[PDB]
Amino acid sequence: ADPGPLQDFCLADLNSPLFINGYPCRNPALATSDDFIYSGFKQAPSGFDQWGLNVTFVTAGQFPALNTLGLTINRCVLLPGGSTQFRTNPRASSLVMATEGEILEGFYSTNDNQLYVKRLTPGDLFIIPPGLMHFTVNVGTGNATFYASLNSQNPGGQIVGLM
């Protein structure tokens, strides 16, 4: 549901004094190859929340080249015993790929909160419809790592309940 792009690219000007839907852009003539790579995932999680989750975000706020292009990827690492609590992504679907460890991944539908839940091991994909309450719990040994691909440059994230 992100607005369609009206040109090739439009790098977010993160220090603009203006506020618009999304971000104003830098001069596209000034873009270089370096603007289209993002290397943030090379930094390991620097900490975890009280529930054992670290999220490393890659939205247009972190990766200016994502502006207008409709995509986000977030890396989630769960300590042993860690969980996400109940969360939503208000403005995007989330396609989860497990890459390390083992997790319980589930979402609740809008039909009396019917729960669709599966155990994921590395390689597994799990799709979360937009805005629906979901969770991840680490059920394996060591850390669990998964990547969420979302169809918005800024899906948003909200903690909705605790466990």
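From 1 onward, residues are counted along the sequence shown.
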- Message: So, looking at the entry's B-factor column for Cα atoms, which has the higher mean, 38-46 or 127-135?
- Response: 38-46
- Ranked by mean Cα B-factor in the entry, 136-144 and 151-159, top stretch is 136-144
- Task: Report the third (lowest, middle or highest) to which the CA temperature factor of residue 69 belongs, ranking only the modelled residues of the same chain.
- Result: lowest
- Item | Modelled-residue ranking by C-alpha temperature factor, third containing residue 57 | middle
- Sorting the chain's modelled residues by C-alpha B-factor, tell me whether residue 30 ends up in the lowest, middle or highest third. highest
- Message: How does the C-alpha B factor of residue 101 compare with the rest of the chain: lowest, middle or highest third?
- Response: highest
- Position of residue 79 among the chain's modelled residues by C-alpha B-factor, lowest, middle or highest third: highest
